[PDB]
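Taking it in order: structure first as structure tokens, then the write-up.
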Amino acid sequence: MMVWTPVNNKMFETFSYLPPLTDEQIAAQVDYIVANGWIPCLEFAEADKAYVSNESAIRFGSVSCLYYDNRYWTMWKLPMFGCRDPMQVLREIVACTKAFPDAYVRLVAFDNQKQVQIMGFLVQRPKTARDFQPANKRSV
Amino acid sequence: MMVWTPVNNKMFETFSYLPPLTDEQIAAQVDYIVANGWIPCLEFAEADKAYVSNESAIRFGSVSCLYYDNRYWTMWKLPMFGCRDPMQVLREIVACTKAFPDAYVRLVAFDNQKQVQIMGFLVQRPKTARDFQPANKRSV
Amino acid sequence: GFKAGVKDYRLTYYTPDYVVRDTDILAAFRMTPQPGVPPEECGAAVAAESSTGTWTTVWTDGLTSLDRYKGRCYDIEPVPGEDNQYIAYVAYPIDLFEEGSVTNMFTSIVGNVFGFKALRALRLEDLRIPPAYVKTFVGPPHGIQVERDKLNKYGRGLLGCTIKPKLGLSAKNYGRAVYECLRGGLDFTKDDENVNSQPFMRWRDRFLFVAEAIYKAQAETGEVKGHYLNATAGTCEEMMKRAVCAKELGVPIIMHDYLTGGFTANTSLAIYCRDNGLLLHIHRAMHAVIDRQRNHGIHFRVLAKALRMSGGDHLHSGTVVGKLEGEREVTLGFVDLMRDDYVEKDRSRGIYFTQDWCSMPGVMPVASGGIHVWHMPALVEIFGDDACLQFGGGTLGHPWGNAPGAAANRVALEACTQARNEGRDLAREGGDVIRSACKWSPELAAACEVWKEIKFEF
Amino acid sequence: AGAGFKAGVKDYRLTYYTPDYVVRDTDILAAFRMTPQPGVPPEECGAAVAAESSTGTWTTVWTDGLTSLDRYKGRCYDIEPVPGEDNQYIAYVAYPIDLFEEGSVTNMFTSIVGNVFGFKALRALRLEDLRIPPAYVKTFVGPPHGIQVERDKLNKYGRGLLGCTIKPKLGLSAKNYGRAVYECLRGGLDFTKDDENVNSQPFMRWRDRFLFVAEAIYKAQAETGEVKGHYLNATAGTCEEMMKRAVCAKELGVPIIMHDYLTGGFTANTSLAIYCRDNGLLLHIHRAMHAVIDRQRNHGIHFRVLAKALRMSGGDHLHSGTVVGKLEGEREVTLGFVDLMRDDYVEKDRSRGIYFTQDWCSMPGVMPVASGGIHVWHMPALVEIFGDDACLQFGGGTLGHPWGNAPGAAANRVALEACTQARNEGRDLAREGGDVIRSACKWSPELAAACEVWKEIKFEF
Amino acid sequence: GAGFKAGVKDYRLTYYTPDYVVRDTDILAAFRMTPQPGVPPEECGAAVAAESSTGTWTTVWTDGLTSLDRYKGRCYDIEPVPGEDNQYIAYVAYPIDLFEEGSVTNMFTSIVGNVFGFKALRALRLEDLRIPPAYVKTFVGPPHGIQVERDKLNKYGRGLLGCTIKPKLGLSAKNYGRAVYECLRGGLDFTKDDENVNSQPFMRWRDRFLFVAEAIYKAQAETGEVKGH
Amino acid sequence: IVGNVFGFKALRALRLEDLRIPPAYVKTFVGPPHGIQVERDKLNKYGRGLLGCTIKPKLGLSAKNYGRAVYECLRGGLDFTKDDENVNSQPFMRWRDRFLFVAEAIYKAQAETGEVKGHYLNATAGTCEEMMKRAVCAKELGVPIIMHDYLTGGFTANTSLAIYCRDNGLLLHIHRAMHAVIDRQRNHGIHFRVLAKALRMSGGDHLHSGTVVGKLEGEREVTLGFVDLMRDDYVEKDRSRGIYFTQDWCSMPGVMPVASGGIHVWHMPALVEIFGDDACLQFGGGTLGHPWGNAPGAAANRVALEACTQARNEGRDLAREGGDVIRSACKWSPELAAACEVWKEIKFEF
Ligand SMILES: O=C(O)[C@@](O)(COP(=O)(O)O)[C@H](O)[C@H](O)COP(=O)(O)O
Ligand SMILES: O=C(O)[C@@](O)(COP(=O)(O)O)[C@H](O)[C@H](O)COP(=O)(O)O
Ligand SMILES: O=C(O)[C@@](O)(COP(=O)(O)O)[C@H](O)[C@H](O)COP(=O)(O)O
Ligand SMILES: [Mg+2]
Ligand SMILES: [Mg+2]
Ligand SMILES: [Mg+2]
Ligand SMILES: [Mg+2]
């Protein structure tokens, strides 16, 4: 019987329960994005503004249901509309991680028909980050 | 095609749509009463206090649902408990009509298990009453 | 200890040696297992998955006392004349249920089990609601006695009438038809179950005109009159608005579709009716989706007990003889369940459990649907005085109009009551009583003439 | 000369059977699976259904002349015989829009399924589908949020959502309830839920539960850094109670409540959906008691109808069945009504039980929830059936794990995330299903302990 | 193709679609358009359709995040006006999704909100609207309507007769009631406050209401006919 | 005044050009909830125009996307963003969803820039009850400002809302949707100056004044006049400006003119010249139309405005050296440069 650790095992939504994505597993997802016609986009946030919190709810009445800060990240350039080139997306991932080496960075895709974000996973965790666990030390 | 008259065709609950009860039809009802163990009783009312109205609702707020004046009539003597004698009931009807010749009078019977009046029909209409129709002149 | 993995339900939830407690709720299921699923296991699956159990073993069981809280299959009868059908008996502890909530009781007892792959069909035939659970319900707003006392009506059935056509009439015409029916000698008229508020007739317009009719007919006949105004609605707030308006208008009675409305809305309305002295007429619209088939569903007697608890002064009982199905023996049984304080187990009537209602008022049965004057004696014979009999087509289908139509039915009903009272046996001299009355009443005669040939037998 | 009042019975088919009728764009259409009594002509039986669910009774009434029966009558306009069936027909009825109260599922059901099912003149009746026209659809508030808005509020994209009914159903104290909830949620589940019959009871009073669950939600959310929810139950005996509980949930700031729409009822349910819209609560709908109505093929109402109904009344999630789990659900029909729940426009498709083209005219979609007797092995099948827009729930499949809830949760989350990656990578889940799971068991110790325990377990009969 | 291209372009490129088949649920507007000299009718019609629906003056990138096809107003037909040099009827179709259920306010805000003030046109007139049933069903609509009114009032088989009290302003509440009583008892069904009779220093509203109420009831008792004000 | 007379057979056309609202009548009105001074004090913003931006496309965006766009615009340096006048509550985006996401955007941008931010959440609605419901939610969210379409909503609803705003300290932005139906033609209708006096009395903190130079009509001299009527305490008769009466507002607060619609960075100096500091300038397309997105778009406009303000302050005459000030700033700011490049040729003259 192994025990799942409460310290500091912070996750990151889709795919953060799998082993970290290889540069090629990332590329495979980008193929799936362009395969389906979806719009790719990059978002980033500094170490603080990355996790969901609620310090603006100090200004609220009883209306803080489904309100959390730091849902929104900062948009890297614009979303890439009708840009059907897998190569060019991977290049933008690089340009972005390069400009913000200390940021969290995630890749997202929008479906414009349903008008909703259709996928999204993390591509860069900052180096200073001490609040996650490697995939093997999650249970002791 | 005959038309049912609105003037003045006032009725009186149970049996008032049949032809008026013969002294022996009355007696047949009283047999039914005694046969079933029910308590017989006589009630009466003067010409005004006979019909359902609502002049006390002038004192009410919005609470006059299922409130009507003149539901209660005046009890003749007392109910005849365990009195299993059909003869004596008929005598009391006579006693009462004799004492109040100008009153409406009705025979009623109580079930004490269910605690409810279990039957009731009119036995005397006052002579001055001009607001009823004989059984044949109800439709023209 | 905790042993992960699947095991048989029967290990934990089949307990044939269990003594039922006076406070247990008991369910009688008509079970039809899949081929090769042993009856004991099926019965235990039902007991499990309507109480404490899921499909694989959970550790959290140890935190509590499963012995205290588990549903228990405690007896299985095979069904005579049936290869693969059993009556499974489940006992549920009282602690399983929210006080005063029919909705909760149904959620547990009929919530999921009916959908199990491991069975072909399931039917809930009866529940035993123990006194200590019955005491947790407000129950009917008034009940038969109080209703009779409020209306000042005794010693005969009550007479009602659904306005027709079901939909299509304006408020003004609705009231017009109402006045004519009421003044002829009917006690009640009603909105049709699906008359709510629609483009052709908005509810408040109807409520006003109906109020007016009720008052005209009452002043004219000198008898107390009523019309069941429909409070059934999209939302509780709309349902309540309508009830409040009925109250404000002084009218004595409203109706609700408890099944299409729902138990939660219905209990809310019953409580409002208790608190404001409104009589509550319950229409069972949609019951036949659930109670028609013998193999699968919930039997009507259970939907009736349920409504008695939630709250209603009238509940439609069926006619037996009219246009909608209703077998005689089973009907007499659930009418007893509706009306009586104590009803002894009687399998010949479909009554699987002794039901003690511990003083909860009784609900009045309403017999409605394709019945006319010829049925009168049969109806008076089945139901007795404590029933409401309704003639929709039976009144607005009379050749001389509503007033005559009403008069006809009133006379027919009074005649049969007198006859019954005089000693005549209604089951035999039925036709005779009616015939004597037609030769006597012109309005009744016109009615007998038109529906003489009309019967509902298949 | 004319058309006057003629007292007495006649056939329904004279007025209510109109096979030459052109259906209007605004008519509500019904598809009944009719089974007449022997010797009752199909045409007459269908007209009876149309009549007694609209404007007609059993004998001719005079009041008909005051109004225009033409304008308002229900109309049986087509009858198909059923292949492989002696005495079974599909009767098509058209009801004018005027027959119905705006925004009222309750009223629609009252007309269409009110009385007819109980007719002596038929052996069985089953409502298979309804065509709710745009002009009626637009009268409903409909779902409080819908799939897109839910995903936006919760900030969750690109995969199914994971849920979990706490067990045992009944018997757990409030403190223990929250305990379990915290442990499931921290392992990687998105949601947990009250069991449908967990309301307020002697062993656990609802306000105690709501408080402890709120604390569990917030602990788990702070620990994982992912948004968490638990469907607190607002199902209650009275509307006033039901509202009290919704209000408390709002007051706690928790994201989501649940309602048993059929046992609570449509009136109560529409009320709650309106409250949820007005306050930003997500509403999870449990379909307790549907099987009493929708299980048999000959009689009742088919679930796809009960699902259109819930979509109109209001819900953010609706239970859709699993196909592969412990409760019945045929695959093709399920794919159909899931489309009915989720999509804006669904073309007629009889292979899937869809009798009518349904245009939902922008009413938000309801998220299907697949729950009941599923475990990790079922994962690929589930992802294959439902896609991303669903929520998968593992009650036993979580609290039944040998290592407890957090490990249980973790297992399921890995299982789902693996299939999603595979799917995305091009791997066909219908074939390579077992492979994806197996790769992931040899990789994750928690998933492995799970696979081991439920490897033999299937639901086929 | 089809990415984000900054800069102004012609409205006609996106908002003039003369090959469009109107849907049964679209709201349709008929505008009497009068473009500035040298502004092509097609472009002026599309400007109107754009700026009353989804479009602004330069291209915005956010268009890509949604489906303009689904949401855009469409100029779909232009008739020239006989006997008119520079006047056209432009036809605009708006998807139902554009509008708030039950809100006349929202409808007028879109349709007649900004466009009438465009530099690119001399004049604009909205001549008609096609309110589709599926939009109409979202309104409560009139409280009663002709039939129900007549039924309430118990008045049938003739025009109804009303009368605006005069002088418009200046009368005291008591005089107002007096005049009202005299007009109603003559055989008028209705009298009325003048549109600008609200509540003023010479006659406060609650005063009027009370006296009018009295006039209504006197006239009604006297004539035996139902009376209103 | 405008009830019946415009429809008389005895005349061909009628136009109301001005009204003289006497102090004794003015004093009977609550008037604007806050007014220019109080607004500036509340927002802590001084010594320049305010910058706003209508989210685009007008309709079609989801709540989540709306908030996303809002955050990007606000963090670039705009003071305000706003719902489009016809953004109320619709199938594609329900109002409460929008209000919540926008609130989040407002707070993120505020924390990031350290400047006070706002978004005019639209309270315009079908019924007063709905209008109020929306205002209450905005208050409950702590957001500083809401908007109303006073003409399509109507005066009665508007005055109600203004009073609510006064009572709860909400800023009220007024959109004049539909005015052009009434005020466009010279021969018939009501002139806008009258509709502006009216709004000032009914209540509003901002009122759209037109641009003169942008996509919608507005002659310069008349505009300068009614802007004075909106802002000032005392305005002398001046027929050259269409002001037929001396208007004394007897201390009723002033309404802030909002200049919006088809304007971009090249218009900046003309705008600063016309309105001065006490105005709000709005760039919808002018922001979401920028080739690098909203944040850059915002930054561009903010720089353009700050430059013109400095120039003005330093003595430079903006009516002449206009193009110069802008040009200096493009060669200096990459974001502004990209903006100037795209809309250089774009003008509105007919
Ligand atoms: O709609 C109808 O058919 C009725 O108004 C009867 O009309 P008629 O009297 O004209 O036949 C009742 O609702 C049915 O009795 C319901 O059936 P049940 O009582 O079995 O629920
Ligand atoms: O009570 C139960 O059985 C469940 O909590 C599942 O528990 P497990 O995951 O432990 O099986 C759900 O309520 C069922 O899914 C209902 O069925 P459906 O979704 O078909 O309505
Ligand atoms: O809908 C529009 O066009 C705007 O959002 C401007 O958008 P852009 O900045 O993208 O042009 C404004 O509502 C107009 O300014 C209204 O005109 P006015 O101020 O005259 O009332
Ligand atoms: Mg009915
Ligand atoms: Mg459950
Ligand atoms: Mg006037
Ligand atoms: Mg705008």
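Ordering of the structure tokens sets the chain letters (A, B, ...), residue numbers begin anew at 1 in every chain, and ligands are numbered from 1 in the order given.
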Residues near segment 70-82 of chain D, anyone? I mean within 10 Å using only C-alpha atoms, not counting same-chain ones fewer than 3 positions away, as JSON, numbers by chain.
{"C": [165, 166, 167, 168, 169, 200], "D": [13, 15, 16, 17, 18, 19, 20, 21, 22, 23, 27, 28, 29, 30, 31, 32, 33, 34, 42, 43, 44, 45, 46, 47, 48, 49, 50, 51, 52, 53, 54, 55, 56, 67, 85, 86, 87, 88, 89, 90, 91, 92, 93, 94, 95, 96, 97, 98, 99, 112]}
Env of segment 75-78 of chain B: 9 Å cut, atoms = only C-alpha atoms, seq-sep filter 4 positions within chain, self excluded. Answer as a ChimeraX atom specification.
/B:41-44,92,96
Taking only C-alpha atoms into account, name the residue in E:194, E:229, E:52, E:5 that is nearest to residue 99 of chain E.
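Closest to residue 99 of chain E, using only C-alpha atoms: E:52.
Among the candidate residues E:40, E:167, E:95, E:45, the one lying nearest to chain D is E:95, with distances computed using only C-alpha atoms.
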Once you count only C-alpha atoms, which residues of chain E turn out to be within 6 Å of chain F? Could you give them as a PyMOL selection string?
chain E and resi 6-7+54-55+57-60+71+97+99-100+103+105+109-110+112-114+116-119
Neighbours of segment 305-313 of chain D within 6 Å (only C-alpha atoms; same-chain residues fewer than 6 positions away dropped), as a ChimeraX atom specification?
/D:129,142,270
Would you put the residues from that selection into a file with C-alpha atoms, as a tab-separated table (two decimals), in the first residue's frame?
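And here is the file that came out, again-v4.tsv:
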```tsv
chain	number	residue	atom	x	y	z
D	129	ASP	CA	-39.38	10.90	-29.55
D	142	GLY	CA	-32.89	25.96	-20.56
D	270	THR	CA	-36.97	24.33	-13.57
```
Could you name the residues that touch residue 134 of chain F at 9 Å or less, counting only C-alpha atoms, but leaving out those on the same chain fewer than 4 positions away, as a compact mmCIF listing (two decimals) with N, CA, C and O atoms, in the first residue's frame?
```
# COMPACT_ATOMS: atom_id res chain seq x y z
N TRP F 95 -25.45 37.40 -19.67
CA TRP F 95 -24.85 38.53 -18.96
C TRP F 95 -24.08 38.17 -17.68
O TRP F 95 -23.01 38.73 -17.44
N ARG F 96 -24.60 37.26 -16.86
CA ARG F 96 -23.93 37.03 -15.58
C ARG F 96 -22.57 36.36 -15.78
O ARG F 96 -21.62 36.62 -15.05
N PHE F 99 -20.30 39.15 -16.72
CA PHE F 99 -19.95 40.04 -15.62
C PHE F 99 -18.85 39.39 -14.78
O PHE F 99 -17.91 40.07 -14.40
N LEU F 121 -19.91 47.43 -17.70
CA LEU F 121 -20.83 46.30 -17.86
C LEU F 121 -22.22 46.84 -18.16
O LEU F 121 -22.70 47.78 -17.50
N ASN F 122 -22.86 46.29 -19.19
CA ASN F 122 -24.13 46.83 -19.67
C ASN F 122 -25.33 46.39 -18.82
O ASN F 122 -25.57 45.21 -18.62
N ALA F 123 -26.07 47.35 -18.31
CA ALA F 123 -27.25 46.99 -17.54
C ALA F 123 -28.52 47.16 -18.36
O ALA F 123 -29.60 46.83 -17.89
N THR F 124 -28.40 47.66 -19.59
CA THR F 124 -29.56 47.83 -20.46
C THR F 124 -30.23 46.48 -20.53
O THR F 124 -29.54 45.46 -20.63
N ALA F 125 -31.55 46.47 -20.46
CA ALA F 125 -32.33 45.23 -20.40
C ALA F 125 -33.80 45.44 -20.85
O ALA F 125 -34.26 46.59 -21.13
N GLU F 129 -36.78 45.45 -13.80
CA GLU F 129 -36.36 44.48 -12.84
C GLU F 129 -35.04 43.85 -13.30
O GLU F 129 -34.11 43.73 -12.51
N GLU F 130 -34.94 43.50 -14.59
CA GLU F 130 -33.72 42.95 -15.15
C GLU F 130 -32.58 43.96 -15.11
O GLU F 130 -31.47 43.63 -14.70
N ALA F 138 -23.25 43.88 -10.59
CA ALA F 138 -22.06 44.69 -10.77
C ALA F 138 -21.58 45.25 -9.45
O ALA F 138 -20.38 45.16 -9.13
N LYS F 139 -22.49 45.82 -8.66
CA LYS F 139 -22.13 46.32 -7.34
C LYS F 139 -21.55 45.21 -6.50
O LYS F 139 -20.51 45.38 -5.87
```
Residues of chain F were defined as contacting chain A if any atom lay at most 6 Å from it, counting only C-alpha atoms; please report them as a compact mmCIF listing (two decimals) with N, CA and C atoms, in the first residue's frame.
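What ended up in selection_4.txt:
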```
# COMPACT_ATOMS: atom_id res chain seq x y z
N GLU F 140 -22.23 44.08 -6.49
CA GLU F 140 -21.85 42.94 -5.67
C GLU F 140 -20.45 42.47 -6.02
N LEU F 141 -20.07 42.65 -7.28
CA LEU F 141 -18.74 42.31 -7.75
C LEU F 141 -17.66 43.36 -7.45
N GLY F 142 -18.07 44.50 -6.94
CA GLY F 142 -17.11 45.54 -6.60
C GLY F 142 -16.57 46.33 -7.79
```
Let me see if you get this right: every residue at most 7 Å from ligand 1, counting only C-alpha atoms and all ligand atoms, written as number ranges by chain.
C: 161-162, 164, 166, 192-193, 283-285, 316-319, 324, 366-371, 390-394; D: 52, 57-58, 115
Hey, what's within 12 Å of residue 169 of chain D if we count only C-alpha atoms and toss same-chain stuff fewer than 6 positions away? As an NGL selection string, please?
(:C and (48-55 or 58 or 60-61 or 64 or 66 or 69-71 or 96-97 or 107-108 or 111-112)) or (:D and (177 or 193-199 or 201 or 203-204 or 395-396 or 399))
At most 9 Å to chain E: residues in chain C, only C-alpha atoms, as JSON, numbers by chain
{"C": [170, 171, 172, 201, 202, 205, 209]}
Pick out the residues no farther than 7 Å from ligand 6, counting only C-alpha atoms and all ligand atoms, and list them as a PyMOL selection string.
chain E and resi 164+168+194-195
Got a sec: who's within 8 Å of residue 190 of chain F, counting only C-alpha atoms, leaving out chain neighbours fewer than 4 positions off, as a ChimeraX atom specification?
/F:15-17,182-183,194-195
List the spatial neighbours of residue 27 of chain E as a VMD selection string - criterion: any atom at most 9 Å away, only C-alpha atoms, same-chain residues fewer than 5 positions off excluded.
chain E and resid 92 to 96 129 to 132 135
Every residue of segment 125-229 of chain D that DSSP places in alpha helix (DSSP H), as a PyMOL selection string
chain D and resi 134-137+147-154+174-186+206-224
Should the cut-off be 10 Å, what would the residue list for chain E against chain A look like, counting only C-alpha atoms, as a PyMOL selection string?
chain E and resi 1-4+61-68+70
Which chain D residues are at most 9 Å from chain F (counting only C-alpha atoms), as a list in words?
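Only these qualify: residues 145, 148, 149, 152, 153, 277, 278, 279, 280, 362, 363 and 364 of chain D.
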Give me a file of those residues, with N, CA and C atoms, as an mmCIF file, in the first residue's frame.
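Dumped everything to selection-v6.cif:
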```
data_model
loop_
_atom_site.group_PDB
_atom_site.id
_atom_site.type_symbol
_atom_site.label_atom_id
_atom_site.label_comp_id
_atom_site.auth_asym_id
_atom_site.auth_seq_id
_atom_site.Cartn_x
_atom_site.Cartn_y
_atom_site.Cartn_z
ATOM 1 N N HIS D 145 -25.943 26.816 -17.565
ATOM 2 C CA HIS D 145 -24.636 27.164 -18.170
ATOM 3 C C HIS D 145 -24.322 26.472 -19.504
ATOM 4 N N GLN D 148 -19.835 24.533 -22.837
ATOM 5 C CA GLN D 148 -18.793 25.542 -23.042
ATOM 6 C C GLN D 148 -18.577 26.405 -21.809
ATOM 7 N N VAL D 149 -19.661 26.937 -21.257
ATOM 8 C CA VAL D 149 -19.544 27.859 -20.145
ATOM 9 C C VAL D 149 -19.017 27.097 -18.936
ATOM 10 N N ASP D 152 -15.326 26.741 -19.304
ATOM 11 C CA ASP D 152 -14.740 28.058 -19.043
ATOM 12 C C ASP D 152 -14.677 28.437 -17.559
ATOM 13 N N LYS D 153 -15.775 28.242 -16.843
ATOM 14 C CA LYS D 153 -15.826 28.520 -15.412
ATOM 15 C C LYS D 153 -14.813 27.647 -14.647
ATOM 16 N N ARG D 277 -28.921 29.624 -12.701
ATOM 17 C CA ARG D 277 -28.586 30.633 -13.709
ATOM 18 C C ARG D 277 -28.370 31.977 -13.060
ATOM 19 N N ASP D 278 -29.226 32.280 -12.106
ATOM 20 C CA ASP D 278 -29.196 33.589 -11.480
ATOM 21 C C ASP D 278 -28.041 33.809 -10.521
ATOM 22 N N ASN D 279 -27.366 32.733 -10.122
ATOM 23 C CA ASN D 279 -26.320 32.797 -9.096
ATOM 24 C C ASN D 279 -25.010 32.170 -9.481
ATOM 25 N N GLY D 280 -24.937 31.635 -10.690
ATOM 26 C CA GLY D 280 -23.722 31.066 -11.211
ATOM 27 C C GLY D 280 -23.378 29.734 -10.575
ATOM 28 N N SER D 362 -29.720 27.168 -30.466
ATOM 29 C CA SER D 362 -28.704 27.804 -29.570
ATOM 30 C C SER D 362 -28.835 27.542 -28.068
ATOM 31 N N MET D 363 -29.878 26.829 -27.663
ATOM 32 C CA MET D 363 -29.940 26.343 -26.297
ATOM 33 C C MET D 363 -28.652 25.581 -25.979
ATOM 34 N N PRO D 364 -27.980 25.933 -24.877
ATOM 35 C CA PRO D 364 -26.697 25.335 -24.531
ATOM 36 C C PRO D 364 -26.791 23.825 -24.440
#
```
If I take atom CA of residue 25 of chain A and atom CA of residue 406 of chain D, how far is one from the other in Å, to one decimal?
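If I compute the distance from atom CA of residue 25 of chain A to atom CA of residue 406 of chain D, I get 27.5 Å.
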